[PDB]
Ligand SMILES: *C(=O)CCCCCCCCCCCCC
Ligand SMILES: *C(=O)CCCCCCCCCCCCC
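Chains as they are written, first to last, in the authors' numbering: chain F, 43 to 646; chain N, 43 to 646; chain l, 3 to 88; chain d, 3 to 88; chain K, 2 to 42; chain C, 2 to 42.
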């Protein structure tokens, strides 16, 4: 049973309506199921432990028995009259609301009390590493004590109550074994209150540490089910939400990104220059679109973000072409009639809006750093919005210069300030971008081995690629973490892949002389580096031309392997290299024993 | 109860599992609930009637009692063990499958048998209108008979069995009253087997006809709930499906439709001519875009349809400008760089595809019809598809001419064959079009009083307007039909509106001298023509500038009135003008009595 | 929705060759704009106060309306007519 | 998907000025196209039989592949190189 | 078509099933149930 | 908020209700139910 206890308000006959939460002057009795007593007992148990320090310091008020907050009522206990009717409990143990209040504020008040002392006991305990993980190692007690008698700073609490803290301590450190009163010798065994827990944390030499290897697994299992690593290369529309894209604002360096390497950025590849004009704040400036191609951020295929083009440390040659100086650098949109990459001359450019200029010309924004005047780090920045560009077939964001007077000097300059580190930040997660279009769902499998070397590094913050990369990256840490894809152990991961290579290379051999019986020693090893190359750089699985990894099978395969692989690790997964791991722990205890030996001499 | 009968297969205790459809050598006994016996009895009853003709002609096989196909089993009868458990029926009347087969093929075999005779009886019966609808009117039997002894063609069956058909007849026509054997006189009352039914169909002078007025109502009620007339001016997205658009291919006459009168059709309003070229089937032709504006079907905002531009009977002046002759007329798409209505000269037109040319020049397609050579009726025709125009910001369908050699003669011609009757047929109902955009849902209330006089007649086959017109049209026939919106009876329809005008004109009077107390005699009459103008031309309620009808209240109001109005008509709704209607029926019976009077003399 | 800009395209073309006739509340035509309410082409009719379309056709003697207010620039179309009336 | 047309834009620019070359199956370069399989720039490598991208690095000495087929026009890029090699 | 077993009295992939229309029994559930005001009561 | 009456023991617009957070009882149902392999069994 569970929930609050109910009782037949109509008396005797208890039906699915003659019940009612048995409330009263104390609040409502909620049932205390077996396991929920484990907690409140485990919590109180950790407080009772500090008994010797509560009396010493006259705080506290006696040991806290959980049997002081409960009661022994009886009735039907459920979550609702209907279902509570199927849990007739007699003399169960319930805790009334007003009690659920004290057991709370008591464990809270006492928790402070101890939390404090417990902190002093520690700066003194750990102040001599009472924990080794291979074999033993003593340190003659006299010295030890006479030593901490020093180190411990005058405001601890282990100097005001030595054997009032010691008695608390003995129950937390199975290192300190108190000398028995009637034989005046230790005990071999150490009996700290955490008897079992402390036994099951020792780094057992057979397998690393059960508490470790156990969690590193349940931890990975969490992720595997959580983010949705499963279904990682699913071939079908998936809401961007399914990718929980967060804290995702990637930055670049356009005016370098080739147009074909990333759809969201077209260029004005035209013969001559395209000097246009525009009255901005009265003054008339001339946008240039200089000698080179001047790659500009396209506006369509640009998920309403927060574009913030930073222009700093980048050269600013106002020294040579004086034409450049005087011009306030500024991010400006450019609506063109004919599609760009077909826009020849000025009459082609519909209009030009200065979405964000920089007050003060190019001769105050400068700063000489050895001849080559740089740009005082400043951030121009628009706030592009999907629909502010409705209808408008062609429009481009360009972080240019806005020259107040074009001249012969700036005839080979080309004032694109795009060489600066632009940082787009998708401000509306629901919508992603792929191959130049804005969508609401991705098709994972499509984005695999479909980008090129740099059609990946040039991805646009929160676009399929960047999403089908953030995803693999989780799955990449589950294998990297739990599975042993980094040793000659032909693990579950590199194993799922090997079975694909076989089934694959086996049918490609079917029909024709079949002169080559499948290899296997070579297949195991080829798939080992395939699974390994993945854990290594999760990204690669997106680039066209990557051995194994990019065939449709793998990944879809890998994950579902790694999947079941985590759901069976056992507990002693740590047996892997638990030999050198062990031998390394003995190595430490031998060096730490060496320490105790000095504590033992210096302070005799 | 209903369904097949089940019985405890496990015996005695019948639980929700110890049951099982009691099947066997006869099939499965299905229960024959009270009403379902009404049908099979009503069906057999109509066959037994023809008893005298079955014996006469040695067919048949005795009267068909429905008690010959059933049985008297008993058990639990439901649709599934679970629910059949709650219908313990004892000695119910079930019909086994193999029986449900005969009662079927018997009623079918016999139905043919009678269907035939029953047809002969008729060509003879109705061959002297035995049905009047006001007062009576006889026709001395001798004459009548001695008359039909003539007319009836030699292959009837009423001449081979006179009083073998007569006995069948007497039970279907309460007009023919047989002379009683032991008093050798009629009976006043007529006792045809359809005693009641025939009594309740007579046009009762108090109210038209219960059988009529009753149905004309249930009929309207069907529609009202069906199509979804309710919610007719709902203000919120509605899937086009909710409008069951079918059999919907509207035709026009572009090159006349103003661009602003219908978004799906832009025009090349440019100064001079725009002669372009294109190699079509080797030969090089020149699309013209002549002197006038040449309105062309825009491609975007064009729901992938089946455009079929017919060019017939329309003038073809190859007589004057010889330039026109020789040019094969053809529907051609035109992708322009700069948006049309901004496309000045040839270099602006990206490309031109002849989506469908007409084999043979303009001098074989002609046909002289009094000087002015016309176009031999022929249909050019593309099959535009939403996505075949993906990306392509500007593209237009144009049914032009394709001149093989532009000349001075065709300098004021302008070969747009759009003056022809184009017929677009939406080939993909799911997607509609509104104000130039393609959507999947309409917002009804939005399309009311939002079109102009002709922003309606220029609507594009299966576009919101054409949908929010097909809808009102149903609701327009429900009122037109059921409700009396065509008499001074201030009906439920014109009444729902009057209450809106009041509540409306009443608050517009609130605040300020209120010198005008609402009218009402004038409001009733104004709303009467408003509801009337609607039934009249349902469309109007879409045009901006229509008195009353176009205020947001009405319609949303009207329908929900007309709604409840139909759900209460009573049965005697026909009482409306049931006076002149009655007086007109007596008028007919007086003229029909006049007929019987001649049948009575000519054939004595 | 007010105007329906196909109506306003008929305003300017009737005022770029001024045929616009300004009518008063007593359904008489004047040329002063101060006493006038109704504005014609003569396709479309608009009361200058509320500035909504009233009748597709002209001849404002047959129009019902209830609005009351004052001055309404644009007088610019009214000013453009008398210049173009020459 | 095969090639990714950014690859084919590197084919023609390596063929406008003929750099490419043709490698055979035994990883030796020839200029005849009849014995040759691999096609370089030297950015990208494509076997002429299956016509898929193989390794963006050149030195086709370090490429693994398993295809076998004959007849592959386009020879036009192969023909454009030897004209542009002068 | 994976075997079930009891959920429903028939397996789909079950032994000797048989798709076979007969002009005699035109398959039909219950769509035209009458509910209109006068007719439902 | 239209009156209901019995469906549920409390009316929403009912007499003397009271929205009033208390730092003391942080509202919480049951999200972290443990089901992982080892822990569920
Ligand atoms: C297992 O599910 C394999 C698929 C076989 C049946 C799936 C559905 C298609 C057949 C329908 C049977 C029920 C009525 C159509
Ligand atoms: C009647 O429904 C009026 C609206 C009042 C409550 C509607 C929902 C908003 C308040 C929620 C109460 C339940 C938990 C939020």
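Where a beta carbon is used, it is the ideal one built from N, C-alpha and C, also for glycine.
In the three-state scheme derived from DSSP, where H, G and I count as helix and E and B as strand, residue 383 (chain N) is classed as coil.
Contact annotation: the segment 269 to 287 of chain F touches the segment 584 to 603 of chain F, with at least three C-beta pairs closer than 8 Å.
In the structure shown, residue 372 (chain F) falls within a strand segment according to DSSP collapsed to helix, strand and coil. With a contact defined as Cβ atoms closer than 8 Å, residue 284 (chain N) and residue 91 (chain N) miss out at about 47 Å.
Listed as beta-bridge partners of residue 321 (chain F) by DSSP are F:326. With a threshold of 6 Å, the Cβ atom of residue 2 (chain K) counts as near ligand 1, since some heavy atom of the ligand is closer than that.
Residue 467 (chain F) is outside the set of residues whose beta carbon lies under 7 Å from a beta carbon in chain d. At a cut-off of 7 Å, the C-beta of residue 63 (chain N) has no neighbouring C-beta in chain K. With fewer than three CB-CB distances shorter than 8 Å, the segment 510 to 527 of chain F does not count as touching the segment 545 to 553 of chain F.
When Cβ-Cβ separations below 7 Å define contact, residue 55 (chain d) makes contact with chain F. Rounded to the nearest angstrom, the gap between the Cα atoms of residue 394 (chain N) and residue 422 (chain N) is 16 Å. The way I'd put it, the segment 371 to 391 of chain N doesn't touch the segment 487 to 502 of chain N; fewer than three beta-carbon pairs between them come closer than 8 Å. Within the segment 290 to 322 of chain N, no residue has a Cβ lying closer than 7 Å to any Cβ of chain F. Going by beta carbons, residue 297 (chain N) and residue 382 (chain N) fall outside the 7 Å limit. Under the 8 Å Cβ criterion, the segment 226 to 245 of chain N does not count as touching the segment 185 to 198 of chain N, having fewer than three qualifying pairs. Contact between the segment 455 to 473 of chain N and the segment 349 to 358 of chain N is present: three or more C-beta pairs spanning the two stretches fall below 8 Å.
Within the segment 424 to 444 of chain F, contact with chain N at the beta-carbon level (separation under 7 Å) is assigned to 435.
Three or more beta-carbon pairs separated by less than 8 Å link the segment 616 to 627 of chain F to the segment 242 to 251 of chain F, which places the two stretches in contact. Taking CB atoms only, residue 263 (chain F) has a neighbour in chain C less than 7 Å away. Remark: C-beta atoms of residue 295 (chain F) and residue 470 (chain F) do not approach each other more closely than 7 Å. Between the alpha carbons of residue 634 (chain N) and residue 627 (chain N) lies a distance of about 10 Å. Proximity of chain l to residue 492 (chain N) at the Cβ level (cut-off 7 Å) is accounted for by 3, in chain order.
The C-beta of residue 396 (chain N) comes no closer than 7 Å to any C-beta of chain F. Using a Cβ-Cβ cut-off of 7 Å, residue 609 (chain F) counts as an interface residue toward chain C, since at least one Cβ of chain C sits closer than that to its own. Residues of chain F with a Cβ closer than 8 Å to the Cβ of residue 380 (chain N) are, in chain order, 379 and 380.
In terms of beta-carbon proximity, residue 632 (chain N) stays away from the interface with chain l, with every pair separated by 7 Å or more. Scanning N:379, N:527 and N:81 for the CA closest to the CA of residue 149 (chain N) turns up N:81. As the crow flies, the alpha-carbon of residue 511 (chain N) is around 16 Å from that of residue 277 (chain N). Residues are counted here when their Cβ sits less than 9 Å from a Cβ of chain N; for the segment 8 to 37 of chain l these are 8, 9 and 11, given in chain order.
Within chain d, no residue has its beta carbon less than 7 Å from that of residue 247 (chain F); the closest one is some 44 Å off. Residue 52 (chain l) and residue 33 (chain K) have their C-alpha atoms roughly 54 Å apart.
The alpha-carbon separation between residue 69 (chain F) and residue 136 (chain F) amounts to approximately 12 Å. Contact between the segment 199 to 215 of chain N and the segment 92 to 102 of chain N is present: three or more C-beta pairs spanning the two stretches fall below 8 Å. Annotated three-state conformation of residue 136 (chain F) is strand, per DSSP. The beta carbon of residue 614 (chain F) sits closer than 6 Å to the beta carbons of 249 from its chain, once the five residues preceding and following it are set aside; these are given in chain order. A straight-line Cα-Cα distance of about 10 Å links residue 57 (chain N) and residue 51 (chain N).
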